[PDB]
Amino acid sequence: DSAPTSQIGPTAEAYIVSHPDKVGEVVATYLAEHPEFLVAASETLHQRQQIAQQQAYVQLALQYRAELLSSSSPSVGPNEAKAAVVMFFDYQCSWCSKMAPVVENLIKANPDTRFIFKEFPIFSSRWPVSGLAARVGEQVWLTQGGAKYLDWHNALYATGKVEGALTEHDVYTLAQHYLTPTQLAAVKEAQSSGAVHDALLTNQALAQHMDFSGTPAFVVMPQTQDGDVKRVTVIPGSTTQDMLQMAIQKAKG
């Protein structure tokens, strides 16, 4: 029937709000039959969860800046570089391995930027091999420097041994060419002691705090403590040179 025009609209929708089943069912049925709405809602959902995830990772990077930029981690590039690229990787991660040539290109193309190496184990069974590889790398880094650590790092990848195929025997076999016999013997005795190399414990604790457990990733950020969320980028271990380069420029700007 009929009623005051100014009251119909507001009253009709307030009634549906109070008693939603009848209009909820009829519209839901309409939507089940024109389900194209699902395709657009799902796109909006994932587009917004991506942004929300990134924002939350950026907050974590700002909170753990000191740990991320620790001078205890092997790095190349200047210690006071304006931008840092922090890399969480497992030597037995097969796509981290395939990313190594891209990272090497980034490093050559950005001699002014600090690249920090966070070795960690994706799975529990990798702890003996990851820990051993971190022991060797730390010895190489501490006695011969960052560029030489990077040779060792690339050489370990170049075995092509990934996803369980890299053994302690393999690491030792390569490591005899980078360590003195005395260093090598000291690494073997530490590994056999049951102790877990401190960098592996620290890196895994940091990965868990960063919500990177089991997941390789890059953090690109200015080193000087600035709360500018706009200069930080958190990127999956699988990425491109262009994407990492843009993050570097954003971290320098």
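Numbers follow the displayed sequence, beginning with 1.
Student: Given the B-factors recorded for C-alpha atoms, which segment has the greater mean, 30 to 38 or 193 to 201?
Tutor: Mean C-alpha B-factor is greater for 30 to 38.
Student: Identify the stretch, either 65 to 73 or 220 to 228, whose C-alpha atoms have the larger mean B-factor according to the entry.
Tutor: Result of the comparison: 220 to 228.
Student: Pick out which of 105, 183, 143, 130 has the highest C-alpha B-factor in the PDB entry.
Tutor: Top of the list by C-alpha B-factor: 105.
Student: Take the CA temperature factors straight from the PDB entry and tell me which of 151, 138, 112, 119 peaks.
Tutor: Highest CA B-factor of the listed options: 112.
Student: Would you check the entry's CA temperature factor for residue 90 and let me know if it's in the chain's lowest, middle or highest third?
Tutor: Lowest third.
Student: Relative to the other modelled residues of the same chain, rank the CA B-factor of residue 245 and answer lowest, middle or highest third.
Tutor: Within its chain, residue 245 is a middle-third residue by C-alpha B-factor, going by the deposited values.
Student: Split into thirds by Cα B-factor across the chain's modelled residues, where does residue 134 land: lowest, middle or highest?
Tutor: Tercile = lowest for this residue's CA B-factor.
Student: Going by the recorded CA B-factors, say which third of the chain residue 81 sits in, lowest, middle or highest.
Tutor: Answer is highest: the recorded C-alpha B-factor places it there.
Student: Should residue 162 be placed in the lowest, middle or highest third of its chain by the C-alpha B factor in the entry?
Tutor: As the PDB entry reports it, the C-alpha B-factor of residue 162 lands in the highest third of its chain.
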